Amino acid sequence: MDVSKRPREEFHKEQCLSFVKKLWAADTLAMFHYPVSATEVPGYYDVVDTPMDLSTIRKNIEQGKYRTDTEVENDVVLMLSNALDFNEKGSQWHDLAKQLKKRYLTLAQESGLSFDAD
């Protein structure tokens with residue numbers, strides 16, 4: 001495991017929440033804010049096996065269930081991936097997911113976060 005080789009803090013609660021607040025605001029359609037309601041997006045869970053949204057991420061942060069900052073990146077990436085998969089290219093939904101996939105690393109930087117490439 002080499003736990004001694006880890007930094008003293010692998011999880012920065014405040015920065016992760018700041019990161020999510022930026023994602024929340026960058027979400028121009030409010031599409032990522034809550035778990036999808038099937039009645040508002042019919043068939044959604046017929047495609048998406050592993051749903052993820054910003055409120056769930058925010059909850060996992062607040063309750064300290066994340067072990068590392070990089071787990072937070074992983075769920076953001078999952079979230080955006082679901083949108084890119086479910087939605088058709090050229091749709092406002094797909095376009096946004098694309099923008100956020102291109103931009104989130106900068107948002108993380110600006111929130112003082114640094115993920116692990118490994």
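Any value given below was found using the heavy atoms of this structure, including those in side chains, with hydrogens, waters and symmetry copies removed. We count residues from 1, following the sequence as given.
A distance of 8.0 Å separates OG of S111 from CG of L23, quoted to the nearest 0.5 Å. Taking CD of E14 as the start and CD1 of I61 as the end, the distance is 11.5 Å to the nearest 0.5 Å. Atom NE2 of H33 sits about 7.5 Å away from atom CZ of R58, to the nearest 0.5 Å. In this structure, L84 CG and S91 OG are separated by 9.5 Å, a value rounded to the nearest 0.5 Å. Rounded to the nearest 0.5 Å, atoms NE2 (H12) and CG (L17) are 13.0 Å apart.
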- Message: Test side chain to side chain contact (heavy atoms under 4.5 Å, CB included) on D27 and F32; report intermediate values, then the result.
- Response: CA-CA 7 Å; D27 177 359; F32 296 119; 3.3 Å; yes
- Message: Run the side chain to side chain contact (heavy atoms under 4.5 Å, CB included) test on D69 and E10 for me, step by step, so that the C-alpha distance in whole Å, both residues' side-chain angles and the decisive distance to 0.1 Å come before the verdict.
- Response: CA-CA 6 Å; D69 294 330; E10 285 190 299; over 6 Å; no
- Task: Kindly indicate, with the supporting measurements, whether the criterion side chain to side chain contact (heavy atoms under 4.5 Å, CB included) is fulfilled by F115 and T68.
- Result: CA-CA 9 Å; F115 305 124; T68 70; over 6 Å; no
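Within the 4.5 Å cutoff, the side chain of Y66 has heavy atoms near those of the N60 side chain. No side-chain heavy atom of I57 sits under 4.5 Å from any side-chain heavy atom of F19.
Side-chain contact, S55 with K59: no donor N or O sits under 3.5 Å from an acceptor N or O.
Judged by distance alone, the side chain of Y45 and the main-chain N or O of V36 form a donor-acceptor pair under 3.5 Å.
Of all non-hydrogen atoms in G90 and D95, the two that sit nearest each other are O-OD2, 3.7 Å. In terms of heavy-atom proximity, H94 sits nearest to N87 at CD2-O, 3.4 Å. Contact record, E110 with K22: O-CE, 3.9 Å, taken as the closest heavy-atom pair. Annotation for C16 and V72: closest pair SG-CG2, 3.8 Å, computed over non-hydrogen atoms. Taking all atoms of both residues into account, the shortest heavy-atom contact from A26 to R103 is CB-NH2, 3.9 Å. Contact between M52 and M79 at its shortest, heavy atoms only, is O-CG, 3.4 Å.
Annotation: side-chain contact (heavy atoms from CB on, under 4.5 Å) contacts of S37 (sequence neighbours excluded): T39, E40. By the side chain to side chain donor-acceptor pair (under 3.5 Å) test, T56 is found to be paired with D53, residues two or more places apart in sequence or in another chain being considered. The side chain to side chain donor-acceptor pair (under 3.5 Å) test applied to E73 returns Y104, not counting sequence neighbours. For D116, the side-chain contact (heavy atoms from CB on, under 4.5 Å) partners are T70, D118, not counting sequence neighbours.
Taking the six-membered ring for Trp and the full ring otherwise, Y34 and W24 have centroids separated by under 6.0 Å.
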